[PDB]
Structure formats: structure tokens, C-alpha cells
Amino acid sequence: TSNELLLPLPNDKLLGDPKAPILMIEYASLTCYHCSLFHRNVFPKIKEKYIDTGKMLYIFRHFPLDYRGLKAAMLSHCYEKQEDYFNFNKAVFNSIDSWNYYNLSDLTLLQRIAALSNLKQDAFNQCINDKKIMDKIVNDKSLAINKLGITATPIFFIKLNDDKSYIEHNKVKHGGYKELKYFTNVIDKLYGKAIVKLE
């Protein structure tokens, strides 16, 4: 069920305090141009203002649409520490202009990123060919299509980080590129309600 999907799951990768008052779940393709721009220009201030400060727990979930993006989503699993995993996805978004737009199977950009992060070639090769990880990514994607009605990206669910509450998923959904002021409005209002409730 959708309500069960909009909580931290045991295999989710987390960023920020697991017990933060607010929860943001994002689904996005790593090769999405507008997502890349959002991650370059808006997300860093969201992280500084709400994640680093313990106000909001962030959960990124992959939604790959192509070879590039699925292989990249797979390679992200070579990065275990929460900051490393986030920094890998950030590097892929930041490097979007550097894919090969003619040979869509060319993964030279991922070779670059792996080298810069000192990931050994044996680990790289294992991660980029790991069928168990590929299957998890594509099943989590089909589950989001089925249960949450996702088509385009980025999509965001922003809600109180309370496992006991029932909320209709479309009421906490935000789609597409949003400027910083949009999210600060939404998150500040939710946080204020969260704190009152917690006291």
C-alpha cells in the first residue's frame, strides 16, 4: 500500500537525522535534465537549511529511465556511507552534460566518477553488473509506478516523519522543478506544525 511506501524502509538510504520531525522522499532519474538543475541550484540550500540542521530526514529513491541511469543507480550501491551515497548521486547529476548522447551505452562518465572517488575497478565492475541490485532498483521503481502513480520526475513527498499517521499520498506530493522559496514555504509550515505536535 501507498501509505506503507511513504515511510523509511529498511533498505532505504538515509540522509540526516532518522528521528527528524519532517520527512522528504524524492524519486528522480539521474539523467533527468530538470532534476539535475534542481540538484545543482536548489537542493544544496535545502540540505543546508533543513537536513544538516536536523529538521528533515531525506530519502532519495532511484527512478531510472534508460541504460545510463540504471547503471548509475546500480553503481550508487558501491557507496555505503550516507554522505558518500548522496555525494555519488550529486556527482552524477552535476555531470549530466558529460554523458555520450550518441552512444547511449557509453559509461565513460561513470568510469570518471569512479576514478575521482577512488573506487577500485574490481568494485566498480561488480557493482555495475550486480543483478540483485538491478532487480531491487527496477522493482522499487515498478512499485512506485503501481502504488504512488509516478510518471515524470522529480517527484517529492513531504510529510511529518511519523510512522503512525495516515495521509493520502497525493496530498503530500509535489512534482517537477520547484524553486527554493516553494520548498521553504512548504517545509517551514510543516515543521511548525510538527514542533507544536511534539510539544
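When you see a residue number, it is the position in the sequence shown, counting from 1.
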On mean Cα temperature factor in this entry, is 89 to 97 or 121 to 129 the higher one? 121 to 129
With reference to the PDB entry, specify whether the mean Cα temperature factor is higher for 30 to 38 or for 157 to 165. 157 to 165
Quick one: which of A152, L65, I145, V138 has the biggest Cα B-factor according to the entry? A152
Classify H77 as lowest, middle or highest third according to the C-alpha B-factor given in the PDB entry, relative to its own chain. middle
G54: CA temperature factor from the record, placed by chain third, in the highest
